[PDB]
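Asker: Have a look at this one before I ask anything.
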Amino acid sequence: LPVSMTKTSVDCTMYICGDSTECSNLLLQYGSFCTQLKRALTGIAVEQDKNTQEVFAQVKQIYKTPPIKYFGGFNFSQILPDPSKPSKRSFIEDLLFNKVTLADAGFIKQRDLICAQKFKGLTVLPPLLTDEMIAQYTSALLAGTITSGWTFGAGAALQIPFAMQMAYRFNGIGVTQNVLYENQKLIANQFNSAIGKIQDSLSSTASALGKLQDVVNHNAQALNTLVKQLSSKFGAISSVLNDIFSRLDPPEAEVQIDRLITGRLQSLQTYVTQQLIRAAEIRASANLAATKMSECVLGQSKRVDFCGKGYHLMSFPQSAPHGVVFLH
Amino acid sequence: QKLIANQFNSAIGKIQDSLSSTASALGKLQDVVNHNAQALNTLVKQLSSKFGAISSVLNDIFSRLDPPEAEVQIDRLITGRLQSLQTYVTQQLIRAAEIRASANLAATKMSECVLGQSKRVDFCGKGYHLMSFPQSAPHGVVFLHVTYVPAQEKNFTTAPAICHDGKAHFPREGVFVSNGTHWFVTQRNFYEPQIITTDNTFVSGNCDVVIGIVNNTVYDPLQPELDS
Amino acid sequence: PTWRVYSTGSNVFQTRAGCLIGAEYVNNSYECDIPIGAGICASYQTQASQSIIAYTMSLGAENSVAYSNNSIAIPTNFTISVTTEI
Ligand SMILES: *[C@@H]1O[C@H](CO)[C@@H](O[C@@H]2O[C@H](CO)[C@@H](O)[C@H](O)[C@H]2NC(C)=O)[C@H](O)[C@H]1NC(C)=O
Ligand SMILES: *[C@@H]1O[C@H](CO)[C@@H](O[C@@H]2O[C@H](CO)[C@@H](O)[C@H](O)[C@H]2NC(C)=O)[C@H](O)[C@H]1NC(C)=O
Ligand SMILES: *[C@@H]1O[C@H](CO)[C@@H](O)[C@H](O)[C@H]1NC(C)=O
Ligand SMILES: *[C@@H]1O[C@H](CO)[C@@H](O)[C@H](O)[C@H]1NC(C)=O
Ligand SMILES: *[C@@H]1O[C@H](CO)[C@@H](O)[C@H](O)[C@H]1NC(C)=O
């Protein structure tokens, strides 16, 4: 499920004009068009941080895992963070990160890439939460729900063995406790066989993370449409302002360099309009993902087809680029 | 009863203290009025714009230039005054979607926490939900979520089963706890130790398949009533 | 020589969101007061004089749960709490 969106800032003067022309004196006759768009863009830029704070910051206490990792025969080595890595991610998280090809332009570094849209006034702001911090929020959420169950989401963290925790979770769907206490090895082997198939079904088929690629590529498409509309005329003689200024006669330029200005204002308004439209979908997806975390990870839900297909027992979230992955 | 009533009264009396302080508690209701005022202020502040024409006053242009040369500046002002209003209507229809998505969530929370009790965690407040009280607010609603928060936990020794006579005993609605010497049964969310009784536990299988089974005596509530 | 008219500077810092000028970076960690970007937040704290400081945001409290295979935690009391929701 997607969670966040690429925060984009737009330099209005560098997009409409070319930062080397007397166009900036003609843009002041409109006044408040370059401020409303950047205000609406700052609203999206703080909304995509609020959407991450509403999903991943559900607990205010970072829980840790014990050094001896015995949980009644269950193996969580593929979902726990690997300490022999600089990113300190899980064995599923490093495969989820390597399958989402990001194309953002938020950096400091300087044949050119697709991030040449910075030179036209279209920059990318970095998110507030680093991916290492998201991977540690994920680690705290796993260390709470493994060593405590659902007690860390309602009050203080109460310790419980994982065999008794799953025996408690069998009672939520109508199954008695004697099924696990007579068949613990079969449940442990089925869980360790179903966990290892997740990395096999994720590294294959090449289209598992389509919902994250569909929100990564759409921002780049909306940016490349905004840049490719700059090389247009809107019914004038040329697209380069430095040719119309250095060729035509001053009082007949207030129509040919008015058509380009109105066209570039309409393109910016269109870009802000479709981004404000598609941000309500990412906000709805984040409001659904936070409810899914609270009802499947922080507790046990009895809702059908809300925490997977079947009778829900527990869930495990994994950190994803611009989203989250649930292991139901 | 008196402790729960005093805790509820002390938690209700702190709501008015937490609401009258910090000066920014009702931000979600102030931001809607701030946006609806900023849009209405921007719609008037763009009437003083010329959009590349001679002047922003219409009666100057209709009494200044030619009966058919003023119709290219008036048509320039009209195609910006109909664009600002279209942008205002588009942004209002965008904000109306978020307002409707918040109102549907508010109605769902009202029906699922005020009109009843919900088992959805963190939907009717943080903790085990008990009650919820609505309050009339300007352009919104305020829910006072009464929740159950456990506190003052203690450490005990647990066991999956109790072996009395070669049979495995499992708790019906409780859990086997130990205070160091004896073994008791209590509920999961509150410490209330009771004796191991055949009415509190049920029998299923032997003591050879259950891992971690311990040895204790399961008290029969019939055998003292048979010797006497 | 710049479109910006003035120029200010007290202390420079290399943040991933850009060059932060006017805040001193400390090795401590607190709650995020003013978000800057990429795990860096700014606040107004004293240390006597008051100044704008830069820091990495606090993830929360660290609490290692004493988990074992033969221990349970049962609460003995409770607390009735009322939480507002606007
Ligand atoms: C949990 O599962 C992982 C694999 O999913 C196990 O790691 C394997 O350990 C064997 C040792 O016999 C190695 O040969 C494999 O290469 C390991 N696999 C990977 C992917 O690293 C691990 O032993 C299991 N148990 C625990 C307690 O972690
Ligand atoms: C564990 O609990 C049992 C019973 O709840 C305690 O046994 C009681 O101890 C007190 C004082 O030590 C005596 O006055 C009672 O007569 C005992 N009752 C029974 C039924 O034996 C026991 O002391 C507790 N142990 C610990 C370490 O707290
Ligand atoms: C800034 O410049 C210095 C030297 O020019 C360089 O070493 C450093 O890597 C640059 N910063 C970034 C974030 O690349
Ligand atoms: C419990 O008692 C049975 C029979 O007295 C014995 O076989 C078993 O080993 C005992 N278990 C433990 C843990 O002492
Ligand atoms: C139970 O836990 C102890 C310490 O926590 C450990 O030494 C022991 O090996 C565990 N039992 C099993 C069967 O692994």
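Note on naming: chains are A, B, ... as they come in the structure tokens, residues start from 1 per chain, ligands start from 1 in the order shown.
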Taking only C-alpha atoms into account, find every residue of chain A that has an atom no more than 8 Å from chain B, and write it out as a list in words.
Answerer: residues 26, 29, 30, 31, 32, 153, 154, 155, 156, 158, 164, 177, 178, 181, 182, 254, 258, 276, 277, 280, 291, 294, 295, 298, 299 and 301 of chain A
Asker: Can you check which residues of chain A have any atom within 7 Å of chain C? Use only C-alpha atoms and format it as a list in words.
Answerer: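 Filtering chain A at 7 Å from chain C with only C-alpha atoms gives residues 60, 61, 62, 63, 64, 65, 66, 125, 126, 127, 128, 129, 130, 147, 158, 159, 160 and 161 of chain A.
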Asker: Can I get the residues close to ligand 4 as an mmCIF file with N, CA and C atoms, in the first residue's frame, where close means within 9 Å and we count only C-alpha atoms and all ligand atoms?
Answerer:
data_model
loop_
_atom_site.group_PDB
_atom_site.id
_atom_site.type_symbol
_atom_site.label_atom_id
_atom_site.label_comp_id
_atom_site.auth_asym_id
_atom_site.auth_seq_id
_atom_site.Cartn_x
_atom_site.Cartn_y
_atom_site.Cartn_z
ATOM 1 N N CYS B 163 -0.033 -30.663 34.625
ATOM 2 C CA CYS B 163 -0.137 -32.118 34.614
ATOM 3 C C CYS B 163 -0.490 -32.597 36.018
ATOM 4 N N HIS B 164 -1.705 -33.124 36.179
ATOM 5 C CA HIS B 164 -2.180 -33.616 37.469
ATOM 6 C C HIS B 164 -2.090 -35.135 37.573
ATOM 7 N N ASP B 165 -2.747 -35.852 36.663
ATOM 8 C CA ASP B 165 -2.780 -37.308 36.713
ATOM 9 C C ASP B 165 -2.457 -37.901 35.350
ATOM 10 N N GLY B 166 -1.405 -37.398 34.709
ATOM 11 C CA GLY B 166 -1.084 -37.831 33.364
ATOM 12 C C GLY B 166 -1.947 -37.212 32.290
ATOM 13 N N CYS B 207 0.402 -35.648 29.017
ATOM 14 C CA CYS B 207 1.527 -34.772 29.325
ATOM 15 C C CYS B 207 2.798 -35.150 28.571
ATOM 16 N N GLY B 212 6.938 -27.793 27.779
ATOM 17 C CA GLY B 212 6.964 -26.887 28.909
ATOM 18 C C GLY B 212 5.918 -27.145 29.967
ATOM 19 N N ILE B 213 5.319 -28.336 29.988
ATOM 20 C CA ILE B 213 4.274 -28.639 30.958
ATOM 21 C C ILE B 213 4.902 -28.882 32.328
ATOM 22 N N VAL B 214 4.248 -28.375 33.374
ATOM 23 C CA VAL B 214 4.725 -28.500 34.743
ATOM 24 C C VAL B 214 3.756 -29.384 35.521
ATOM 25 N N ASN B 215 4.119 -29.663 36.770
ATOM 26 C CA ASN B 215 3.368 -30.574 37.624
ATOM 27 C C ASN B 215 2.725 -29.797 38.767
ATOM 28 N N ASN B 216 1.404 -29.907 38.887
ATOM 29 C CA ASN B 216 0.672 -29.329 40.005
ATOM 30 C C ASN B 216 -0.601 -30.136 40.223
#
Asker: Could you pull out the strand (DSSP E) residues of region 30-179 of chain A, going by DSSP on the backbone, and write them as a list in words?
Answerer: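 The strand (DSSP E) subset of region 30-179 of chain A is residues 61, 62, 63, 64, 122, 123, 124 and 125 of chain A.
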Asker: Between CA of residue 68 (chain A) and atom 4 (C, counted along the ligand's line) of ligand 5, measure the distance and give it in Å to one decimal.
Answerer: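 Interatomic distance here is 7.5 Å.
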Asker: Of the candidates A:189, A:51, A:117, A:110, which shows the shortest atom-to-atom distance to ligand 1, using only C-alpha atoms and all ligand atoms?
Answerer: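 That would be A:189, the residue with the smallest distance to ligand 1.
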Asker: Would you work out the distance separating CA of residue 76 (chain A) from CA of residue 306 (chain A), expressed in Å to one decimal?
Answerer: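 So the answer is 23.2 Å.
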